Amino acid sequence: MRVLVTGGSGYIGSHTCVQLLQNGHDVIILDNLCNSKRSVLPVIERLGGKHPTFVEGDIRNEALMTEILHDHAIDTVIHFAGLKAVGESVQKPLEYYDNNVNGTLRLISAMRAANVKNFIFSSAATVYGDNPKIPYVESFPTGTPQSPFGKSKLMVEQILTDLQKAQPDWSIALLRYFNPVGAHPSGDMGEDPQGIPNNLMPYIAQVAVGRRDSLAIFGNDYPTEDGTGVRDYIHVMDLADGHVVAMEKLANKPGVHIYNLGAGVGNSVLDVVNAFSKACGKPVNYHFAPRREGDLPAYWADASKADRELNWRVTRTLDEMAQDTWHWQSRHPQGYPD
């Protein structure tokens, strides 16, 4: 199929792009490069084994969106583009609402204009809010995210839902992601955060690589087995695969298809650390720090639905997630070149 991948050059997008090309689809990448580099492009094509078309631009530019859509005869759109730093969203709410809410709004409006009716949105587990009921299931009513980032994702899911209701021919998938980690097995592609990494994995990686001193373990008094926070870590390649399957099986299938994308099991901070220590061949330095504001104690996804309906489930393990990360971190200490 002909697919437009917004945010195609970022972490999740790049991996998804490779899988898509491998599946022989025609890929058009639209990215504004605020959080990625042109350097990834050649890697995508190499790994993907096919040439993806790249367009530098902003999802906020409806006129350009509309033009791309038409110009390439897009069939479906995968929307990864936006801002995701939680803490920063609290400090700069407007930018989040603008990039995420208005950003998606301008894109779907362009779609309407070009007669494109298949969409895939990068959502998040955050939309469940403070849910005591774990694992999280798609049948659960949504809650209230505590950050402008989380709120922005829920607001878009709502806007998409309403849009589908009004234009019932649309196929819209709301993919709720859990905690994406890992990198391409090649070790030539991976997450390349600028500055201080906000997520656990990259931070660990940066400690291991010798860039950082010690990993600060946000709270050790949680009501978990080991006292550290528990999450659902999902390999970026598994995530990418799920994106290809969702796209292929859902295209032209009217409705709003919500699916949690996770491993369906929880791992603590200690578990992750240990896995990385193992991967990198040296104990990862760490210390216990106070709980991070807004952090829930433990949650993971109930991924039965995606298994059942799309025959999708993860295949990579936690160890692989850590190994692949170390391999990329180690092979490209400076990430993507400028």
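Start at 1 and count along the sequence shown; that's the residue number.
J.: Would you determine, from the values in the PDB entry, which of 3 to 11 and 327 to 335 has the greater average C-alpha temperature factor?
T.: Mean CA B-factor is higher for 327 to 335.
J.: On average, are the C-alpha B-factors higher in 191 to 199 or in 94 to 102?
T.: Higher mean C-alpha B-factor in the PDB entry: 191 to 199.
J.: Based on what the PDB entry reports, which of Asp58, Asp271, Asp302, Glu293 has the top C-alpha B-factor?
T.: Comparing C-alpha B-factors across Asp58, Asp271, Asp302, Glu293, the top value belongs to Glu293.
J.: Quick one: which of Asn115, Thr126, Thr161, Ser109 has the biggest Cα B-factor according to the entry?
T.: The listed residue with the largest C-alpha B-factor is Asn115.
J.: Just say lowest, middle or highest third for the CA B-factor of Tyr136 relative to the other modelled residues in its chain.
T.: Lowest third - that is where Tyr136 ends up once the chain's C-alpha B-factors are sorted.
J.: Which third, lowest, middle or highest, does the CA B-factor of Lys253 fall in along this chain?
T.: Highest third.
J.: Ranked by Cα temperature factor within the chain, is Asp169 in the lowest third, the middle third or the highest third?
T.: For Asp169, the deposited C-alpha B-factor lands in the middle third.
J.: Against its chain's modelled residues, does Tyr222's Cα B factor rank lowest, middle or highest third?
T.: Its C-alpha B-factor, which the entry lists for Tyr222, ranks in the highest third among residues of this chain.
J.: Name the third of the chain's ranked CA B-factors that contains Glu309, choosing lowest, middle or highest.
T.: Its C-alpha B-factor belongs to the middle third of this chain's values.
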